[PDB]
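A short worksheet on the structure shown next.
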Amino acid sequence: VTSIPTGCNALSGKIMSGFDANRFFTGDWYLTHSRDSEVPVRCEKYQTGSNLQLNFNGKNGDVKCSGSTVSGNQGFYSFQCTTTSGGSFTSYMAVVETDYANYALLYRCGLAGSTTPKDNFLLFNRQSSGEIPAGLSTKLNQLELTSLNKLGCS
Ligand SMILES: CCCCC/C=C\C\C=C/C=C/C=C/[C@@H](SC[C@H](NC(=O)CC[C@H](N)C(=O)O)C(=O)NCC(=O)O)[C@@H](O)CCCC(=O)O
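Written as structure tokens, this is what we have:
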């Protein structure tokens, strides 16, 4: 697969310059806010390892993913994921803006039950108590993300 699924936003001109994968894909990231959310809200901790591997506590069971760059879409990654209930899926993401040490705003998109992909904007924080950073104010305005939903971390 050489480009993100049709229907997913490639965010051309909207992704940060100079993304440093080595500084992003290290340590833990808590998913604290998102544009769209479900109930009940939860606190997903994304654990990263070498070679774009990650683990997180998903809605029904732990999830393990293996990432790779998407050849045709700068900044995008494809993650092949499996869940402890026996599920498997492919999810795409790009880091829109991050300071690596505190926050990261991501775009995520993938097929999840239909030909029409579902997408979202996600705010990750290094601390479970993290909220909306001042540094993202202008970017959130530009993307019309002025009321992110708080999830289940504190
Ligand atoms: C450090 C940050 C790294 C970021 C890495 C980026 C992407 C890879 C990681 C996670 C991806 C999660 C995707 C979840 C799918 S849902 C994806 C999938 N579901 C299906 O594919 C179901 C298919 C069909 N609906 C069915 O019922 O069979 C599934 O089983 N998910 C389990 C679960 O969510 O716990 C939806 O809940 C997403 C909804 C919109 C969104 O928030 O993106």
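So for the sequence shown, my numbering puts the first residue at 2; every next one is plus one. Beta carbons are placed, not taken as given, at the ideal position from N, Cα and C, and that holds for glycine.
For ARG109, no alpha helix (DSSP H) segment is defined; the enclosing uninterrupted segment is the beta strand (DSSP E) at 104-111. DSSP places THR84 in the uninterrupted beta strand (DSSP E) bounded by 77-84.
Beta-carbon to beta-carbon, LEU152 and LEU32 are separated by about 6 Å, close enough to satisfy the 8 Å threshold. An exposed status is given to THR147, since fewer than 16 other beta-carbon atoms sit within 10 Å of its beta-carbon. Secondary structure at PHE25: helix, using DSSP grouped into helix, strand and coil. Here DSSP, grouped into helix, strand and coil, assigns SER69 to strand.
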